[PDB]
Amino acid sequence: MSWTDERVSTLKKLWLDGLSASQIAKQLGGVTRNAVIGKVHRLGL
DNA sequence: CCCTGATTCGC
DNA sequence: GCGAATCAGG
């Protein structure tokens with residue numbers, strides 16, 4: 001439910017594949033599409 | 001209605 | 001650092 005290194009790795013892979021924030025949120029669990037978009041920004045993607 | 005990312009700022 | 005709740009649209 002937190003941005004572990006494992007979950008960040010998954011986010012980067014899926015985002016760089018072009019999956020939408022809601023899709024990634026559903027894959028990960030424990031986060032909304034808002035959380036995903038916020039994290040994408042803090043990662044500088 | 002379903003959906004998209006972007007931003008602010010209290011927490 | 002985190003993410004809800006707008007914003008701004010498709």
# chains A, B, ... in the order shown; residues from 1 in each chain; ligands from 1
$ closest_atom_pairs --of "chain C" --to "chain A" --cutoff "9 Å" --atoms "only C-alpha atoms (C1' of nucleotides)" --output "tab-separated table"
residue	atom	partner	partner_atom	distance
C:1	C1'	A:42	CA	8.6
C:2	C1'	A:35	CA	7.6
C:3	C1'	A:35	CA	5.0
C:4	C1'	A:34	CA	7.6
$ write_last_selection --atoms "N, CA and C atoms (P, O5', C5', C4', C3', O3' and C1' of nucleotides)" --output "CSV table (one decimal), in the first residue's frame"
chain,number,residue,atom,x,y,z
C,1,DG,P,10.0,13.7,-3.0
C,1,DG,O5',9.4,13.3,-1.6
C,1,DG,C5',9.8,12.1,-1.0
C,1,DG,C4',8.6,11.3,-0.5
C,1,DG,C3',7.6,10.9,-1.5
C,1,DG,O3',7.0,9.7,-1.1
C,1,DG,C1',6.6,12.4,-0.1
C,2,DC,P,6.1,8.8,-2.1
C,2,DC,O5',4.6,9.2,-1.7
C,2,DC,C5',4.1,9.0,-0.4
C,2,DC,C4',2.7,9.6,-0.3
C,2,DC,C3',1.8,9.5,-1.4
C,2,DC,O3',0.8,8.6,-1.0
C,2,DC,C1',1.7,11.7,-0.6
C,3,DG,P,-0.2,7.8,-2.1
C,3,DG,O5',-1.4,8.8,-2.3
C,3,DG,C5',-2.2,9.1,-1.2
C,3,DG,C4',-3.2,10.2,-1.6
C,3,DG,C3',-4.0,10.0,-2.9
C,3,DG,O3',-5.3,10.5,-2.7
C,3,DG,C1',-2.9,12.0,-3.0
C,4,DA,P,-6.6,9.7,-3.1
C,4,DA,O5',-7.7,10.6,-2.5
C,4,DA,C5',-7.6,11.1,-1.2
C,4,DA,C4',-8.1,12.5,-1.2
C,4,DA,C3',-9.5,12.6,-2.1
C,4,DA,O3',-10.4,13.3,-1.2
C,4,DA,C1',-8.0,14.0,-3.0
$ residues_around --residues "residue 6 of chain B" --least-positions-apart "2" --cutoff "12 Å" --atoms "only C-alpha atoms (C1' of nucleotides)" --output "VMD selection string"
(chain A and resid 34 37 to 38 40 to 41) or (chain B and resid 4 8) or (chain C and resid 6 to 9)
$ select_by_dssp --residues "chain A" --states "helix (DSSP H, G or I)" --output "ChimeraX atom specification"
/A:5-16,21-28,33-42
$ write_last_selection --atoms "C-alpha atoms" --output "PDB file, in the first residue's frame"
ATOM      1  CA  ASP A   5      10.886   0.018  -4.688  1.00  0.00           C
ATOM      2  CA  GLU A   6       9.073  -2.982  -6.178  1.00  0.00           C
ATOM      3  CA  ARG A   7       5.856  -1.034  -6.770  1.00  0.00           C
ATOM      4  CA  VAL A   8       7.730   1.941  -8.196  1.00  0.00           C
ATOM      5  CA  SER A   9       9.521  -0.411 -10.605  1.00  0.00           C
ATOM      6  CA  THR A  10       6.154  -1.742 -11.763  1.00  0.00           C
ATOM      7  CA  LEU A  11       4.757   1.779 -12.171  1.00  0.00           C
ATOM      8  CA  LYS A  12       7.716   2.853 -14.330  1.00  0.00           C
ATOM      9  CA  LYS A  13       7.478  -0.227 -16.538  1.00  0.00           C
ATOM     10  CA  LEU A  14       3.741   0.151 -17.122  1.00  0.00           C
ATOM     11  CA  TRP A  15       3.851   3.925 -17.600  1.00  0.00           C
ATOM     12  CA  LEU A  16       6.703   3.685 -20.077  1.00  0.00           C
ATOM     13  CA  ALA A  21      -3.030   5.893 -14.670  1.00  0.00           C
ATOM     14  CA  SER A  22      -6.323   4.159 -13.778  1.00  0.00           C
ATOM     15  CA  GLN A  23      -5.152   0.919 -15.392  1.00  0.00           C
ATOM     16  CA  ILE A  24      -1.889   0.994 -13.443  1.00  0.00           C
ATOM     17  CA  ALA A  25      -3.796   1.822 -10.247  1.00  0.00           C
ATOM     18  CA  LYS A  26      -6.012  -1.230 -10.758  1.00  0.00           C
ATOM     19  CA  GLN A  27      -2.978  -3.436 -11.418  1.00  0.00           C
ATOM     20  CA  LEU A  28      -1.132  -2.256  -8.321  1.00  0.00           C
ATOM     21  CA  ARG A  33      -5.318   6.937 -10.410  1.00  0.00           C
ATOM     22  CA  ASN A  34      -4.606  10.207  -8.524  1.00  0.00           C
ATOM     23  CA  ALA A  35      -1.879   8.529  -6.519  1.00  0.00           C
ATOM     24  CA  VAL A  36      -0.388   7.119  -9.715  1.00  0.00           C
ATOM     25  CA  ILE A  37      -0.363  10.480 -11.494  1.00  0.00           C
ATOM     26  CA  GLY A  38       1.142  12.225  -8.473  1.00  0.00           C
ATOM     27  CA  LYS A  39       3.903   9.629  -8.318  1.00  0.00           C
ATOM     28  CA  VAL A  40       4.575   9.880 -12.063  1.00  0.00           C
ATOM     29  CA  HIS A  41       5.172  13.588 -11.536  1.00  0.00           C
ATOM     30  CA  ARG A  42       7.465  13.163  -8.530  1.00  0.00           C
TER      31      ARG A  42
END
$ decode --residues "chain B" --atoms "N, CA, C and O atoms (P, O5', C5', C4', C3', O3' and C1' of nucleotides)" --output "compact mmCIF listing (two decimals), in the first residue's frame"
# COMPACT_ATOMS: atom_id res chain seq x y z
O5' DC B 1 -24.76 9.87 -16.03
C5' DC B 1 -23.63 9.32 -15.36
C4' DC B 1 -23.00 8.23 -16.20
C3' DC B 1 -21.49 8.09 -16.03
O3' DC B 1 -21.18 7.21 -14.92
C1' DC B 1 -21.99 8.30 -18.32
P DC B 2 -20.71 5.68 -15.12
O5' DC B 2 -19.32 5.75 -15.92
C5' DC B 2 -18.69 4.54 -16.35
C4' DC B 2 -17.97 4.73 -17.68
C3' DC B 2 -16.52 5.14 -17.58
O3' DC B 2 -15.70 4.03 -17.26
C1' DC B 2 -17.57 6.39 -19.28
P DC B 3 -14.41 4.25 -16.33
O5' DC B 3 -13.49 5.24 -17.19
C5' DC B 3 -12.98 4.80 -18.43
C4' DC B 3 -12.46 5.96 -19.25
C3' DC B 3 -11.25 6.66 -18.69
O3' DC B 3 -10.11 5.89 -18.97
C1' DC B 3 -12.76 8.22 -19.66
P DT B 4 -8.75 6.15 -18.16
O5' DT B 4 -8.21 7.53 -18.73
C5' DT B 4 -7.58 7.60 -20.00
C4' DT B 4 -7.03 8.99 -20.24
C3' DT B 4 -6.18 9.54 -19.11
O3' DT B 4 -4.87 9.04 -19.22
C1' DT B 4 -7.69 11.20 -19.85
P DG B 5 -3.89 9.05 -17.94
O5' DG B 5 -3.29 10.53 -17.95
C5' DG B 5 -2.53 11.01 -19.05
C4' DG B 5 -2.29 12.50 -18.90
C3' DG B 5 -1.38 12.91 -17.75
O3' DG B 5 -0.73 14.13 -18.12
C1' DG B 5 -3.53 13.78 -17.38
P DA B 6 -0.12 15.16 -17.03
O5' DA B 6 -1.31 16.13 -16.69
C5' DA B 6 -1.60 17.34 -17.45
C4' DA B 6 -1.74 18.47 -16.50
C3' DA B 6 -0.43 18.57 -15.51
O3' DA B 6 -0.06 20.02 -15.54
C1' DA B 6 -2.37 18.23 -14.31
P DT B 7 1.10 20.59 -14.60
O5' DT B 7 0.30 21.10 -13.32
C5' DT B 7 -0.81 21.97 -13.48
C4' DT B 7 -1.49 22.18 -12.14
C3' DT B 7 -0.54 22.42 -10.97
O3' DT B 7 -0.65 23.78 -10.53
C1' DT B 7 -2.31 20.88 -10.41
P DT B 8 0.30 24.35 -9.37
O5' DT B 8 -0.60 24.22 -8.06
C5' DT B 8 -1.94 24.69 -8.10
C4' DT B 8 -2.61 24.46 -6.76
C3' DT B 8 -1.79 24.87 -5.55
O3' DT B 8 -2.60 25.64 -4.68
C1' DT B 8 -2.45 22.58 -5.36
P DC B 9 -1.95 26.49 -3.48
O5' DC B 9 -1.99 25.47 -2.26
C5' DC B 9 -3.23 24.98 -1.81
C4' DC B 9 -3.01 23.90 -0.78
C3' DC B 9 -1.98 24.25 0.30
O3' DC B 9 -2.42 23.75 1.52
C1' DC B 9 -1.38 22.26 -0.71
P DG B 10 -2.96 24.74 2.66
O5' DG B 10 -3.54 23.73 3.75
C5' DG B 10 -4.82 23.20 3.54
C4' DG B 10 -4.88 21.73 3.90
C3' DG B 10 -4.47 21.39 5.32
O3' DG B 10 -5.37 20.43 5.82
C1' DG B 10 -3.12 20.17 3.79
P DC B 11 -5.31 19.93 7.34
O5' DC B 11 -4.38 18.65 7.27
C5' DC B 11 -4.83 17.51 6.57
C4' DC B 11 -3.70 16.52 6.36
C3' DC B 11 -2.91 16.17 7.61
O3' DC B 11 -3.51 15.07 8.27
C1' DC B 11 -1.58 16.27 5.60
